[PDB]
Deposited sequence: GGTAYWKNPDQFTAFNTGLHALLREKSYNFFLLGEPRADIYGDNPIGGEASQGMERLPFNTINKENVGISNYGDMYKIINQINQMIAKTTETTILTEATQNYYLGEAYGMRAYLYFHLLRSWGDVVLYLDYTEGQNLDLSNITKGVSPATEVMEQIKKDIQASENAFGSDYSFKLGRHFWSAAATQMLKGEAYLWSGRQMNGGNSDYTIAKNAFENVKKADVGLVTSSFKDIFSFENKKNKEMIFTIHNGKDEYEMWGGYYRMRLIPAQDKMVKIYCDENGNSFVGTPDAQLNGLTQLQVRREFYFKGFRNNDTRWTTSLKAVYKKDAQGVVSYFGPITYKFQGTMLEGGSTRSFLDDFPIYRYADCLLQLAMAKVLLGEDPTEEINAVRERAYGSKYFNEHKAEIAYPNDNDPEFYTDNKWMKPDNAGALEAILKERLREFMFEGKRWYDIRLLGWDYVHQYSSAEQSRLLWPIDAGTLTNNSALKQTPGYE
């Protein structure tokens, strides 16, 4: 640590460690809710992935072992904090920026741990005994958020890019953390006010909605667009999205696309871009959801999912199921299959708006603007402006669509439900739905998952327990 380049390299390494946990962030934040649970349509064994939608994880089958391997990241962050605080070799602005990032990343990891495991060890040392109560975990998260925001100050520039932690990333996390303490830990209105203000502060950065289309948010060719507050950089010869687990958990086999399935007209995917897809599906979006997720002309529908069909020997074309479609990757010259090299968004501007909407509702304030900014982008201004009475908030009520729809309610069921619905539509495959329902509490968890109220946290595996005799099993999983 005599050369400023060693700080740059170590910081880059911290961000690479976080990137390795992309897949775990997805798993922790999404598949225990209501999106998945059908058998893979292509016939794959789900190989234990089903224990997430079925909420059958337990002390023998934990879903994710060893706290998602987050503690060895925390150890390295703790080292960066100490070395950066001590050093005299950096400019004040450089030193502060690194501290803003390191404190923010530490809080971010601990906030996954709080929501997922509850009471956890507060490890604040580095190397190169028992848990603290959830309340004390949250106090540490808040302390690190304060340290982070104070270090960044008024510098909301993306000094190291949108794929590195920044002041707006800390404000997003702050909003999430104060919503959680407000709603889950009796904080009430004063915490909702802090949260609201944090989400408002995100707007100080150069952020806004990508309006051209929903698809352009995620495209390989439009990375680090203005919607990205914090996004995980993946790329050729650097890292595959989710370390390969997107392709190998959510994507259909090429042979099914080429030989077995057809489109809605009864025609083959041979000769089309969809013939390039090749992966393995162990988590299957519910087949019924494809027709109960989105109103007509919401472009998020066919950007997020594609319906596949089969044409029988009698010529009859029948709906077979949906395939995961949001992340399209790229086709490398010379290749025969798609490469899943998209960046993985963590915080997007639509997330700011919808969580701002949440904080507002919790305070009794009007969320209309935020909800409708997101909807207008989804339908496009032309269609939105022509169909406000049908699909603008608070008018998205169609009785037929909402009948036999276990995933969502008409707008007239209330603003909280409307924001849950909006987030569901907006954030498929982005790791949000389980955390959304968990934030609002058991009534919503129970509507939108098969979880049991005594088992809302995650169990701890035996390998982890027997390594640290001070640890007890998660309450409810004994």
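- Gaps in the coordinates relative to the deposited sequence fall at 1-5, 134-143.
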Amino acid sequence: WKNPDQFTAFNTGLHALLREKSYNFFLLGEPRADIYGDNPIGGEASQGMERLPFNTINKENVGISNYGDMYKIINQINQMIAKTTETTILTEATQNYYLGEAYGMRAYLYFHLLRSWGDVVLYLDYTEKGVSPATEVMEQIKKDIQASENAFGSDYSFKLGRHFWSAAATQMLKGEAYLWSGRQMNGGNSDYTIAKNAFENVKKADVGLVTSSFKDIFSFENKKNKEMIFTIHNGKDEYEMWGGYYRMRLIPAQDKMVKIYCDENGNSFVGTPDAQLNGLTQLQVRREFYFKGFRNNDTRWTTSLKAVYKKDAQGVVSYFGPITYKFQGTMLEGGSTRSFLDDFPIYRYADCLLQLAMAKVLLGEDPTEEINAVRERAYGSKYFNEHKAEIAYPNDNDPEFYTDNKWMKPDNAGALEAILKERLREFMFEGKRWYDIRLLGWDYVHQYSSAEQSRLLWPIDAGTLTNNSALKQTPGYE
From here on, numbers count along this sequence of modelled residues.
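- Two stretches are in play, 113-121 and 85-93, and the higher mean C-alpha B-factor belongs to 85-93.
- The mean Cα B-factor in the deposited entry runs higher for 157-165 than for the other of 157-165 and 296-304.
- Listed residues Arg287, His387, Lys311, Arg377 were ranked by CA B-factor as deposited; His387 comes out on top.
- Highest C-alpha temperature factor among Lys226, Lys360, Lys326, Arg247 per the entry: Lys226.
- For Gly63, the recorded CA temperature factor ranks within the highest third of the chain's modelled residues.
- For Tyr383, the recorded CA temperature factor ranks within the middle third of the chain's modelled residues.
- In this PDB entry, the Cα temperature factor of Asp351 sits in the bottom third of its chain's modelled residues, the lowest group.
- Sort the chain's modelled residues by C-alpha temperature factor and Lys142 lands in the middle third, per the entry.
- When the modelled residues of the chain are ordered by their C-alpha B factor, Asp443 lands in the middle third.
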